[PDB]
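Structure file my_file_25.pdb (PDB, N, CA and C atoms) is printed below.
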ATOM      1  N   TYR A 102     203.046 -72.651  -9.228
ATOM      2  CA  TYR A 102     203.064 -71.355  -9.941
ATOM      3  C   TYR A 102     201.644 -70.823 -10.106
ATOM      4  N   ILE A 103     201.484 -69.526  -9.895
ATOM      5  CA  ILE A 103     200.212 -68.852 -10.091
ATOM      6  C   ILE A 103     200.399 -67.750 -11.113
ATOM      7  N   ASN A 104     199.605 -67.780 -12.160
ATOM      8  CA  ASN A 104     199.671 -66.754 -13.181
ATOM      9  C   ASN A 104     198.667 -65.635 -12.881
ATOM     10  N   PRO A 105     199.164 -64.463 -12.458
ATOM     11  CA  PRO A 105     198.325 -63.329 -12.057
ATOM     12  C   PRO A 105     197.750 -62.589 -13.261
ATOM     13  N   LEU A 106     198.159 -63.027 -14.435
ATOM     14  CA  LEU A 106     197.723 -62.433 -15.686
ATOM     15  C   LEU A 106     196.553 -63.214 -16.281
ATOM     16  N   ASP A 107     196.014 -64.165 -15.523
ATOM     17  CA  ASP A 107     195.059 -65.145 -16.044
ATOM     18  C   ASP A 107     193.689 -64.566 -16.401
ATOM     19  N   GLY A 108     193.469 -63.281 -16.142
ATOM     20  CA  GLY A 108     192.207 -62.668 -16.527
ATOM     21  C   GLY A 108     191.042 -63.171 -15.696
ATOM     22  N   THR A 109     191.304 -63.463 -14.433
ATOM     23  CA  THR A 109     190.327 -64.127 -13.579
ATOM     24  C   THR A 109     189.250 -63.166 -13.044
ATOM     25  N   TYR A 110     189.347 -61.881 -13.372
ATOM     26  CA  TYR A 110     188.319 -60.926 -12.962
ATOM     27  C   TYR A 110     187.645 -60.298 -14.177
ATOM     28  N   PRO A 111     186.563 -60.914 -14.675
ATOM     29  CA  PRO A 111     185.785 -60.368 -15.791
ATOM     30  C   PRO A 111     185.053 -59.093 -15.388
ATOM     31  N   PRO A 112     185.287 -57.990 -16.115
ATOM     32  CA  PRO A 112     184.666 -56.693 -15.823
ATOM     33  C   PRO A 112     183.141 -56.729 -15.941
ATOM     34  N   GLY A 113     182.485 -55.730 -15.356
ATOM     35  CA  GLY A 113     181.035 -55.681 -15.360
ATOM     36  C   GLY A 113     180.423 -56.624 -14.350
ATOM     37  N   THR A 114     181.172 -56.910 -13.297
ATOM     38  CA  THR A 114     180.728 -57.832 -12.266
ATOM     39  C   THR A 114     180.894 -57.220 -10.884
ATOM     40  N   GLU A 115     180.441 -57.931  -9.867
ATOM     41  CA  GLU A 115     180.651 -57.508  -8.494
ATOM     42  C   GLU A 115     182.108 -57.713  -8.084
ATOM     43  N   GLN A 116     182.735 -58.756  -8.629
ATOM     44  CA  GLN A 116     184.142 -59.029  -8.347
ATOM     45  C   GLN A 116     185.033 -57.993  -9.024
ATOM     46  N   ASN A 117     184.695 -57.645 -10.256
ATOM     47  CA  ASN A 117     185.389 -56.580 -10.963
ATOM     48  C   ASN A 117     184.391 -55.507 -11.380
ATOM     49  N   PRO A 118     184.286 -54.434 -10.576
ATOM     50  CA  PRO A 118     183.299 -53.367 -10.790
ATOM     51  C   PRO A 118     183.632 -52.470 -11.972
ATOM     52  N   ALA A 119     184.803 -52.679 -12.541
ATOM     53  CA  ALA A 119     185.242 -51.892 -13.678
ATOM     54  C   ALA A 119     184.325 -52.109 -14.870
ATOM     55  N   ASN A 120     184.002 -51.009 -15.540
ATOM     56  CA  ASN A 120     183.148 -51.037 -16.725
ATOM     57  C   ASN A 120     183.694 -51.996 -17.771
ATOM     58  N   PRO A 121     182.885 -53.000 -18.140
ATOM     59  CA  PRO A 121     183.299 -54.063 -19.057
ATOM     60  C   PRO A 121     183.354 -53.602 -20.502
ATOM     61  N   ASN A 122     182.727 -52.472 -20.774
ATOM     62  CA  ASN A 122     182.710 -51.921 -22.113
ATOM     63  C   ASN A 122     184.076 -51.358 -22.457
ATOM     64  N   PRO A 123     184.702 -51.862 -23.529
ATOM     65  CA  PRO A 123     185.933 -51.281 -24.046
ATOM     66  C   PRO A 123     185.673 -49.862 -24.501
ATOM     67  N   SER A 124     186.604 -48.975 -24.243
ATOM     68  CA  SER A 124     186.360 -47.577 -24.507
ATOM     69  C   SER A 124     187.133 -47.122 -25.727
ATOM     70  N   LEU A 125     186.533 -46.212 -26.464
ATOM     71  CA  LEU A 125     187.132 -45.701 -27.679
ATOM     72  C   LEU A 125     187.440 -44.223 -27.569
ATOM     73  N   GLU A 126     188.684 -43.884 -27.836
ATOM     74  CA  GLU A 126     189.107 -42.501 -27.883
ATOM     75  C   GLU A 126     189.647 -42.171 -29.269
ATOM     76  N   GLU A 127     189.052 -41.155 -29.879
ATOM     77  CA  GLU A 127     189.438 -40.699 -31.213
ATOM     78  C   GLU A 127     190.865 -40.163 -31.210
ATOM     79  N   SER A 128     191.246 -39.593 -30.081
ATOM     80  CA  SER A 128     192.575 -39.066 -29.882
ATOM     81  C   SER A 128     192.926 -39.155 -28.411
ATOM     82  N   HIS A 129     194.201 -39.317 -28.129
ATOM     83  CA  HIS A 129     194.659 -39.572 -26.774
ATOM     84  C   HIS A 129     194.570 -38.331 -25.893
ATOM     85  N   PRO A 130     193.774 -38.421 -24.817
ATOM     86  CA  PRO A 130     193.637 -37.366 -23.812
ATOM     87  C   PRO A 130     194.868 -37.259 -22.919
ATOM     88  N   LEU A 131     195.126 -36.040 -22.459
ATOM     89  CA  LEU A 131     196.300 -35.743 -21.638
ATOM     90  C   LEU A 131     196.266 -36.465 -20.289
ATOM     91  N   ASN A 132     195.130 -37.059 -19.946
ATOM     92  CA  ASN A 132     195.015 -37.799 -18.689
ATOM     93  C   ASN A 132     195.339 -39.282 -18.906
ATOM     94  N   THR A 133     195.768 -39.613 -20.118
ATOM     95  CA  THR A 133     196.165 -40.965 -20.458
ATOM     96  C   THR A 133     197.686 -41.080 -20.359
ATOM     97  N   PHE A 134     198.192 -42.248 -19.976
ATOM     98  CA  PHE A 134     199.628 -42.409 -19.807
ATOM     99  C   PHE A 134     200.110 -43.722 -20.402
ATOM    100  N   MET A 135     201.380 -43.762 -20.783
ATOM    101  CA  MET A 135     201.967 -44.966 -21.344
ATOM    102  C   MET A 135     202.806 -45.702 -20.305
ATOM    103  N   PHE A 136     202.589 -47.003 -20.212
ATOM    104  CA  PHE A 136     203.321 -47.853 -19.290
ATOM    105  C   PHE A 136     203.744 -49.135 -19.998
ATOM    106  N   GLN A 137     204.999 -49.538 -19.798
ATOM    107  CA  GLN A 137     205.531 -50.782 -20.364
ATOM    108  C   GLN A 137     205.542 -50.724 -21.878
ATOM    109  N   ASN A 138     205.772 -49.533 -22.406
ATOM    110  CA  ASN A 138     205.802 -49.313 -23.845
ATOM    111  C   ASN A 138     204.423 -49.567 -24.451
ATOM    112  N   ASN A 139     203.403 -49.492 -23.600
ATOM    113  CA  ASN A 139     202.018 -49.609 -24.038
ATOM    114  C   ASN A 139     201.263 -48.379 -23.570
ATOM    115  N   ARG A 140     200.078 -48.153 -24.098
ATOM    116  CA  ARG A 140     199.248 -47.054 -23.632
ATOM    117  C   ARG A 140     198.204 -47.573 -22.661
ATOM    118  N   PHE A 141     197.976 -46.834 -21.585
ATOM    119  CA  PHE A 141     197.163 -47.303 -20.482
ATOM    120  C   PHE A 141     196.158 -46.232 -20.095
ATOM    121  N   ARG A 142     195.018 -46.653 -19.591
ATOM    122  CA  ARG A 142     194.027 -45.711 -19.115
ATOM    123  C   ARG A 142     193.820 -45.861 -17.615
ATOM    124  N   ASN A 143     193.848 -44.736 -16.932
ATOM    125  CA  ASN A 143     193.470 -44.674 -15.530
ATOM    126  C   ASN A 143     192.186 -43.885 -15.390
ATOM    127  N   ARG A 144     191.136 -44.561 -14.967
ATOM    128  CA  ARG A 144     189.841 -43.937 -14.813
ATOM    129  C   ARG A 144     189.231 -44.323 -13.481
ATOM    130  N   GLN A 145     189.333 -43.414 -12.516
ATOM    131  CA  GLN A 145     188.748 -43.607 -11.192
ATOM    132  C   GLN A 145     189.310 -44.860 -10.527
ATOM    133  N   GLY A 146     190.575 -45.145 -10.809
ATOM    134  CA  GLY A 146     191.252 -46.254 -10.166
ATOM    135  C   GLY A 146     191.118 -47.534 -10.957
ATOM    136  N   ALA A 147     190.586 -47.415 -12.165
ATOM    137  CA  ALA A 147     190.432 -48.560 -13.044
ATOM    138  C   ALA A 147     191.465 -48.472 -14.145
ATOM    139  N   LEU A 148     192.177 -49.558 -14.422
ATOM    140  CA  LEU A 148     193.271 -49.503 -15.368
ATOM    141  C   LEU A 148     192.862 -50.211 -16.644
ATOM    142  N   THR A 149     193.051 -49.539 -17.752
ATOM    143  CA  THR A 149     192.646 -50.058 -19.036
ATOM    144  C   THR A 149     193.858 -50.229 -19.954
ATOM    145  N   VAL A 150     193.867 -51.304 -20.734
ATOM    146  CA  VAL A 150     194.950 -51.562 -21.679
ATOM    147  C   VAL A 150     194.402 -51.500 -23.094
ATOM    148  N   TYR A 151     195.122 -50.862 -24.004
ATOM    149  CA  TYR A 151     194.619 -50.722 -25.360
ATOM    150  C   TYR A 151     194.759 -52.039 -26.120
ATOM    151  N   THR A 152     193.689 -52.436 -26.785
ATOM    152  CA  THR A 152     193.702 -53.632 -27.605
ATOM    153  C   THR A 152     194.181 -53.276 -29.009
ATOM    154  N   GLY A 153     194.040 -52.001 -29.341
ATOM    155  CA  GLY A 153     194.450 -51.506 -30.635
ATOM    156  C   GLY A 153     193.485 -50.464 -31.157
ATOM    157  N   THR A 154     193.608 -50.126 -32.423
ATOM    158  CA  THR A 154     192.679 -49.219 -33.068
ATOM    159  C   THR A 154     191.486 -49.994 -33.621
ATOM    160  N   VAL A 155     190.361 -49.316 -33.788
ATOM    161  CA  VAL A 155     189.166 -49.956 -34.320
ATOM    162  C   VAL A 155     188.558 -49.095 -35.405
ATOM    163  N   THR A 156     188.046 -49.727 -36.445
ATOM    164  CA  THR A 156     187.359 -49.008 -37.497
ATOM    165  C   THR A 156     185.867 -49.296 -37.440
ATOM    166  N   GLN A 157     185.076 -48.271 -37.682
ATOM    167  CA  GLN A 157     183.629 -48.401 -37.712
ATOM    168  C   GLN A 157     183.046 -47.409 -38.692
ATOM    169  N   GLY A 158     182.130 -47.888 -39.518
ATOM    170  CA  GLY A 158     181.678 -47.110 -40.649
ATOM    171  C   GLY A 158     182.733 -47.130 -41.729
ATOM    172  N   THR A 159     182.343 -47.336 -42.968
ATOM    173  CA  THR A 159     183.324 -47.477 -44.024
ATOM    174  C   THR A 159     183.169 -46.414 -45.100
ATOM    175  N   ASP A 160     184.282 -45.743 -45.390
ATOM    176  CA  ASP A 160     184.365 -44.744 -46.455
ATOM    177  C   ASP A 160     183.555 -43.479 -46.140
ATOM    178  N   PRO A 161     184.084 -42.575 -45.289
ATOM    179  CA  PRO A 161     185.322 -42.784 -44.525
ATOM    180  C   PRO A 161     185.143 -43.767 -43.376
ATOM    181  N   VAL A 162     186.184 -44.523 -43.079
ATOM    182  CA  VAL A 162     186.162 -45.397 -41.923
ATOM    183  C   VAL A 162     186.571 -44.610 -40.685
ATOM    184  N   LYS A 163     185.864 -44.807 -39.584
ATOM    185  CA  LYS A 163     186.217 -44.117 -38.354
ATOM    186  C   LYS A 163     187.089 -45.010 -37.510
ATOM    187  N   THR A 164     188.258 -44.520 -37.178
ATOM    188  CA  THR A 164     189.195 -45.293 -36.397
ATOM    189  C   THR A 164     189.404 -44.678 -35.022
ATOM    190  N   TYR A 165     189.161 -45.481 -34.005
ATOM    191  CA  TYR A 165     189.288 -45.043 -32.628
ATOM    192  C   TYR A 165     190.245 -45.948 -31.879
ATOM    193  N   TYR A 166     190.902 -45.414 -30.872
ATOM    194  CA  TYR A 166     191.785 -46.216 -30.049
ATOM    195  C   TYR A 166     190.969 -46.919 -28.981
ATOM    196  N   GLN A 167     191.041 -48.234 -28.982
ATOM    197  CA  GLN A 167     190.226 -49.055 -28.102
ATOM    198  C   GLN A 167     191.011 -49.512 -26.883
ATOM    199  N   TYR A 168     190.437 -49.268 -25.720
ATOM    200  CA  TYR A 168     191.018 -49.694 -24.462
ATOM    201  C   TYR A 168     190.080 -50.664 -23.761
ATOM    202  N   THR A 169     190.579 -51.849 -23.469
ATOM    203  CA  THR A 169     189.800 -52.861 -22.782
ATOM    204  C   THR A 169     190.271 -52.989 -21.337
ATOM    205  N   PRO A 170     189.334 -52.920 -20.373
ATOM    206  CA  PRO A 170     189.649 -53.050 -18.947
ATOM    207  C   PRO A 170     190.397 -54.344 -18.660
ATOM    208  N   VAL A 171     191.518 -54.234 -17.962
ATOM    209  CA  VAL A 171     192.363 -55.389 -17.717
ATOM    210  C   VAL A 171     191.672 -56.359 -16.770
ATOM    211  N   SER A 172     191.602 -57.610 -17.183
ATOM    212  CA  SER A 172     190.917 -58.634 -16.420
ATOM    213  C   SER A 172     191.910 -59.360 -15.513
ATOM    214  N   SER A 173     193.179 -59.004 -15.644
ATOM    215  CA  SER A 173     194.236 -59.668 -14.921
ATOM    216  C   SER A 173     194.541 -58.903 -13.644
ATOM    217  N   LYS A 174     194.292 -59.554 -12.511
ATOM    218  CA  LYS A 174     194.512 -58.965 -11.192
ATOM    219  C   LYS A 174     195.893 -58.354 -11.015
ATOM    220  N   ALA A 175     196.890 -58.919 -11.667
ATOM    221  CA  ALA A 175     198.258 -58.442 -11.527
ATOM    222  C   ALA A 175     198.429 -56.994 -11.961
ATOM    223  N   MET A 176     197.652 -56.549 -12.941
ATOM    224  CA  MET A 176     197.786 -55.179 -13.404
ATOM    225  C   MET A 176     197.188 -54.233 -12.381
ATOM    226  N   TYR A 177     196.098 -54.662 -11.770
ATOM    227  CA  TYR A 177     195.487 -53.891 -10.704
ATOM    228  C   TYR A 177     196.342 -53.952  -9.446
ATOM    229  N   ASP A 178     196.835 -55.145  -9.131
ATOM    230  CA  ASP A 178     197.776 -55.322  -8.027
ATOM    231  C   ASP A 178     198.964 -54.379  -8.153
ATOM    232  N   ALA A 179     199.395 -54.135  -9.389
ATOM    233  CA  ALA A 179     200.492 -53.214  -9.656
ATOM    234  C   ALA A 179     200.114 -51.804  -9.221
ATOM    235  N   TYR A 180     198.840 -51.496  -9.355
ATOM    236  CA  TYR A 180     198.300 -50.237  -8.891
ATOM    237  C   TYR A 180     198.251 -50.222  -7.363
ATOM    238  N   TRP A 181     197.574 -51.213  -6.783
ATOM    239  CA  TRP A 181     197.384 -51.298  -5.329
ATOM    240  C   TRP A 181     198.678 -51.355  -4.516
ATOM    241  N   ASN A 182     199.783 -51.790  -5.106
ATOM    242  CA  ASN A 182     201.044 -51.821  -4.361
ATOM    243  C   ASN A 182     201.745 -50.471  -4.454
ATOM    244  N   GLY A 183     201.024 -49.492  -4.985
ATOM    245  CA  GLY A 183     201.511 -48.133  -5.042
ATOM    246  C   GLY A 183     202.612 -47.897  -6.059
ATOM    247  N   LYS A 184     202.742 -48.778  -7.046
ATOM    248  CA  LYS A 184     203.663 -48.510  -8.148
ATOM    249  C   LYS A 184     202.968 -47.724  -9.255
ATOM    250  N   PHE A 185     201.657 -47.899  -9.390
ATOM    251  CA  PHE A 185     200.882 -47.035 -10.271
ATOM    252  C   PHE A 185     200.396 -45.818  -9.501
ATOM    253  N   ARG A 186     200.451 -45.901  -8.177
ATOM    254  CA  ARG A 186     200.079 -44.785  -7.325
ATOM    255  C   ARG A 186     201.141 -43.708  -7.397
ATOM    256  N   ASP A 187     202.332 -44.134  -7.756
ATOM    257  CA  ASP A 187     203.490 -43.258  -7.784
ATOM    258  C   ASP A 187     203.653 -42.590  -9.146
ATOM    259  N   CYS A 188     202.923 -43.066 -10.149
ATOM    260  CA  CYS A 188     203.181 -42.608 -11.511
ATOM    261  C   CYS A 188     201.918 -42.153 -12.243
ATOM    262  N   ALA A 189     200.768 -42.717 -11.903
ATOM    263  CA  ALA A 189     199.548 -42.430 -12.651
ATOM    264  C   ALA A 189     198.897 -41.123 -12.208
ATOM    265  N   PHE A 190     199.430 -40.526 -11.151
ATOM    266  CA  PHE A 190     198.830 -39.329 -10.569
ATOM    267  C   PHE A 190     199.725 -38.106 -10.723
ATOM    268  N   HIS A 191     200.534 -38.087 -11.772
ATOM    269  CA  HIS A 191     201.318 -36.899 -12.081
ATOM    270  C   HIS A 191     200.495 -35.968 -12.952
ATOM    271  N   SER A 192     200.506 -34.682 -12.632
ATOM    272  CA  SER A 192     199.658 -33.712 -13.315
ATOM    273  C   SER A 192     199.807 -33.804 -14.835
ATOM    274  N   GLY A 193     201.026 -33.571 -15.327
ATOM    275  CA  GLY A 193     201.287 -33.548 -16.749
ATOM    276  C   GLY A 193     200.317 -32.654 -17.475
ATOM    277  N   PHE A 194     199.333 -33.288 -18.080
ATOM    278  CA  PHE A 194     198.256 -32.602 -18.782
ATOM    279  C   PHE A 194     198.816 -31.606 -19.801
ATOM    280  N   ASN A 195     199.778 -32.070 -20.582
ATOM    281  CA  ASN A 195     200.352 -31.274 -21.664
ATOM    282  C   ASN A 195     199.952 -31.884 -22.988
ATOM    283  N   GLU A 196     200.173 -31.143 -24.076
ATOM    284  CA  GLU A 196     199.656 -31.491 -25.408
ATOM    285  C   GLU A 196     200.301 -32.747 -26.002
ATOM    286  N   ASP A 197     200.135 -33.863 -25.304
ATOM    287  CA  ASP A 197     200.621 -35.175 -25.727
ATOM    288  C   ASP A 197     200.386 -36.165 -24.598
ATOM    289  N   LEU A 198     200.307 -37.436 -24.946
ATOM    290  CA  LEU A 198     200.086 -38.489 -24.001
ATOM    291  C   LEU A 198     201.203 -38.562 -22.964
ATOM    292  N   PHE A 199     200.811 -38.734 -21.707
ATOM    293  CA  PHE A 199     201.746 -38.700 -20.594
ATOM    294  C   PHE A 199     202.600 -39.963 -20.536
ATOM    295  N   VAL A 200     203.878 -39.787 -20.247
ATOM    296  CA  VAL A 200     204.794 -40.913 -20.140
ATOM    297  C   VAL A 200     205.026 -41.289 -18.683
ATOM    298  N   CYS A 201     204.898 -42.571 -18.385
ATOM    299  CA  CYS A 201     205.102 -43.062 -17.030
ATOM    300  C   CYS A 201     206.583 -43.331 -16.790
ATOM    301  N   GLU A 202     207.055 -42.968 -15.602
ATOM    302  CA  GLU A 202     208.447 -43.167 -15.226
ATOM    303  C   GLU A 202     208.731 -44.633 -14.929
ATOM    304  N   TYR A 203     207.684 -45.383 -14.622
ATOM    305  CA  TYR A 203     207.833 -46.794 -14.321
ATOM    306  C   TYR A 203     207.759 -47.625 -15.602
ATOM    307  N   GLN A 204     208.626 -48.632 -15.694
ATOM    308  CA  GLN A 204     208.714 -49.461 -16.889
ATOM    309  C   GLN A 204     208.965 -50.918 -16.526
ATOM    310  N   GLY A 205     208.379 -51.348 -15.418
ATOM    311  CA  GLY A 205     208.509 -52.729 -14.994
ATOM    312  C   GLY A 205     209.747 -52.966 -14.153
ATOM    313  N   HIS A 206     209.826 -54.142 -13.556
ATOM    314  CA  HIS A 206     210.946 -54.491 -12.693
ATOM    315  C   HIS A 206     212.140 -54.907 -13.538
ATOM    316  N   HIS A 207     212.918 -53.939 -13.998
ATOM    317  CA  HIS A 207     214.071 -54.249 -14.832
ATOM    318  C   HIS A 207     215.367 -53.744 -14.198
ATOM    319  N   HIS A 208     215.647 -54.223 -12.995
ATOM    320  CA  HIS A 208     216.932 -53.972 -12.359
ATOM    321  C   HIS A 208     217.630 -55.284 -12.042
ATOM    322  N   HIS A 209     217.189 -56.330 -12.725
ATOM    323  CA  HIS A 209     217.911 -57.593 -12.770
ATOM    324  C   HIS A 209     218.340 -57.828 -14.210
ATOM    325  N   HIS A 210     217.464 -57.426 -15.125
ATOM    326  CA  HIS A 210     217.783 -57.371 -16.544
ATOM    327  C   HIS A 210     217.885 -55.919 -16.986
ATOM    328  N   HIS A 211     218.562 -55.684 -18.100
ATOM    329  CA  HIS A 211     218.726 -54.334 -18.636
ATOM    330  C   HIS A 211     217.383 -53.735 -19.059
TER     331      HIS A 211
END

This structure in structure tokens:
Amino acid sequence: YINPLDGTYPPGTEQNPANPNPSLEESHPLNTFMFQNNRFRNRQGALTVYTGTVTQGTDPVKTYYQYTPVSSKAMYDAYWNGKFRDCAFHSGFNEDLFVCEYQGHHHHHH
């Protein structure tokens, strides 16, 4: 068995050229899309997964949505096999986060 989710590609490297810096968005841009009931970032072919919200500065605390570049080849592989190619490139760009039509391989299970 090989676990493709093992995070074997650390960002900020030659092996993974994706920016290793987790990104913070105060509010979700229309170029962002949700996949697998999660929120995902597509940036120049780089796929980012949200780790959650982050607070910085206290009273008022600033809370931003944090997206960390996926270190797991399987998420990128999902892109390269044209399953994210089929969904991440829809115009949308309407006043809300874009919803992806793909939701994983669920035609064996409900």

- Any idea what's packed within 9 Å of residue 166 in chain A, counting only C-alpha atoms, ignoring anything in its chain fewer than 2 positions away? Could you give it as a PyMOL selection string? chain A and resi 124-129+151-155+164+168

- Run the PyMOL selection byres (((chain A and resi 131-138 and name CA) around 12) and name CA) against the file shown and list the residues it catches, as JSON, numbers by chain. {"A": [126, 128, 129, 130, 139, 140, 141, 142, 143, 144, 145, 148, 149, 150, 151, 166, 168, 176, 179, 180, 184, 185, 188, 189, 190, 191, 192, 193, 194, 195, 196, 197, 198, 199, 200, 201, 202, 203, 204, 205, 206, 207]}

- If you run DSSP over the backbone, which residues in range 119-200 of chain A end up helix (DSSP H, G or I)? Put them as a list in words.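 Written out, the helix (DSSP H, G or I) residues of range 119-200 of chain A are residues 174, 175, 176, 177, 178, 179, 180 and 181 of chain A.
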
- Residue nearest residue 113 in chain A - candidates A:183, A:172, A:160, A:211, atoms counted: only C-alpha atoms: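 Among the listed residues, A:172 lies closest to residue 113 in chain A.
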
- Calculate how many Å separate atom N of residue 167 in chain A from CA of residue 182 in chain A, rounding to one decimal.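 According to the coordinates, atom N of residue 167 in chain A and CA of residue 182 in chain A are separated by 26.8 Å.
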
- Task: Using only N, CA and C atoms, find the one residue out of A:122, A:209, A:158, A:109 that sits nearest to residue 173 in chain A.
- Result: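 Distance minimum relative to residue 173 in chain A lands on A:109.
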
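Reported to one decimal place, the separation of atom N of residue 103 in chain A from atom C of residue 170 in chain A is 20.7 Å.
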
- Query: Expressed in Å to a single decimal, how great is the separation between CA of residue 111 in chain A and CA of residue 174 in chain A?
  - Reply: 10.0 Å

How big is the axis-aligned box around the listed atoms of range 133-146 of chain A once 6 Å is added on each side, and where is its centre? Give both in Å to one decimal, as AutoDock Vina command-line options.
--center_x 197.3 --center_y -45.2 --center_z -17.3 --size_x 29.1 --size_y 23.2 --size_z 26.3

Quick one: range 148-162 of chain A with N, CA, C and O atoms, as a PDB file, in the coordinates of the input?
ATOM      1  N   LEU A 148     192.177 -49.558 -14.422  1.00  0.00           N
ATOM      2  CA  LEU A 148     193.271 -49.503 -15.368  1.00  0.00           C
ATOM      3  C   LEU A 148     192.862 -50.211 -16.644  1.00  0.00           C
ATOM      4  O   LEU A 148     192.349 -51.328 -16.615  1.00  0.00           O
ATOM      5  N   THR A 149     193.051 -49.539 -17.752  1.00  0.00           N
ATOM      6  CA  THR A 149     192.646 -50.058 -19.036  1.00  0.00           C
ATOM      7  C   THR A 149     193.858 -50.229 -19.954  1.00  0.00           C
ATOM      8  O   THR A 149     194.768 -49.401 -19.945  1.00  0.00           O
ATOM      9  N   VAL A 150     193.867 -51.304 -20.734  1.00  0.00           N
ATOM     10  CA  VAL A 150     194.950 -51.562 -21.679  1.00  0.00           C
ATOM     11  C   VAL A 150     194.402 -51.500 -23.094  1.00  0.00           C
ATOM     12  O   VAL A 150     193.310 -52.002 -23.359  1.00  0.00           O
ATOM     13  N   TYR A 151     195.122 -50.862 -24.004  1.00  0.00           N
ATOM     14  CA  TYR A 151     194.619 -50.722 -25.360  1.00  0.00           C
ATOM     15  C   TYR A 151     194.759 -52.039 -26.120  1.00  0.00           C
ATOM     16  O   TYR A 151     195.805 -52.693 -26.079  1.00  0.00           O
ATOM     17  N   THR A 152     193.689 -52.436 -26.785  1.00  0.00           N
ATOM     18  CA  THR A 152     193.702 -53.632 -27.605  1.00  0.00           C
ATOM     19  C   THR A 152     194.181 -53.276 -29.009  1.00  0.00           C
ATOM     20  O   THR A 152     194.683 -54.124 -29.753  1.00  0.00           O
ATOM     21  N   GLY A 153     194.040 -52.001 -29.341  1.00  0.00           N
ATOM     22  CA  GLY A 153     194.450 -51.506 -30.635  1.00  0.00           C
ATOM     23  C   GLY A 153     193.485 -50.464 -31.157  1.00  0.00           C
ATOM     24  O   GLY A 153     192.647 -49.964 -30.411  1.00  0.00           O
ATOM     25  N   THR A 154     193.608 -50.126 -32.423  1.00  0.00           N
ATOM     26  CA  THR A 154     192.679 -49.219 -33.068  1.00  0.00           C
ATOM     27  C   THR A 154     191.486 -49.994 -33.621  1.00  0.00           C
ATOM     28  O   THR A 154     191.589 -51.193 -33.891  1.00  0.00           O
ATOM     29  N   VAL A 155     190.361 -49.316 -33.788  1.00  0.00           N
ATOM     30  CA  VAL A 155     189.166 -49.956 -34.320  1.00  0.00           C
ATOM     31  C   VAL A 155     188.558 -49.095 -35.405  1.00  0.00           C
ATOM     32  O   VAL A 155     188.536 -47.874 -35.286  1.00  0.00           O
ATOM     33  N   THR A 156     188.046 -49.727 -36.445  1.00  0.00           N
ATOM     34  CA  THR A 156     187.359 -49.008 -37.497  1.00  0.00           C
ATOM     35  C   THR A 156     185.867 -49.296 -37.440  1.00  0.00           C
ATOM     36  O   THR A 156     185.447 -50.420 -37.162  1.00  0.00           O
ATOM     37  N   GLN A 157     185.076 -48.271 -37.682  1.00  0.00           N
ATOM     38  CA  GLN A 157     183.629 -48.401 -37.712  1.00  0.00           C
ATOM     39  C   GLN A 157     183.046 -47.409 -38.692  1.00  0.00           C
ATOM     40  O   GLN A 157     183.431 -46.238 -38.709  1.00  0.00           O
ATOM     41  N   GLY A 158     182.130 -47.888 -39.518  1.00  0.00           N
ATOM     42  CA  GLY A 158     181.678 -47.110 -40.649  1.00  0.00           C
ATOM     43  C   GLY A 158     182.733 -47.130 -41.729  1.00  0.00           C
ATOM     44  O   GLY A 158     183.914 -46.985 -41.437  1.00  0.00           O
ATOM     45  N   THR A 159     182.343 -47.336 -42.968  1.00  0.00           N
ATOM     46  CA  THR A 159     183.324 -47.477 -44.024  1.00  0.00           C
ATOM     47  C   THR A 159     183.169 -46.414 -45.100  1.00  0.00           C
ATOM     48  O   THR A 159     182.073 -46.202 -45.628  1.00  0.00           O
ATOM     49  N   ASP A 160     184.282 -45.743 -45.390  1.00  0.00           N
ATOM     50  CA  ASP A 160     184.365 -44.744 -46.455  1.00  0.00           C
ATOM     51  C   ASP A 160     183.555 -43.479 -46.140  1.00  0.00           C
ATOM     52  O   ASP A 160     182.441 -43.308 -46.638  1.00  0.00           O
ATOM     53  N   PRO A 161     184.084 -42.575 -45.289  1.00  0.00           N
ATOM     54  CA  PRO A 161     185.322 -42.784 -44.525  1.00  0.00           C
ATOM     55  C   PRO A 161     185.143 -43.767 -43.376  1.00  0.00           C
ATOM     56  O   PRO A 161     184.068 -43.841 -42.774  1.00  0.00           O
ATOM     57  N   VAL A 162     186.184 -44.523 -43.079  1.00  0.00           N
ATOM     58  CA  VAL A 162     186.162 -45.397 -41.923  1.00  0.00           C
ATOM     59  C   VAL A 162     186.571 -44.610 -40.685  1.00  0.00           C
ATOM     60  O   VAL A 162     187.490 -43.791 -40.738  1.00  0.00           O
TER      61      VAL A 162
END
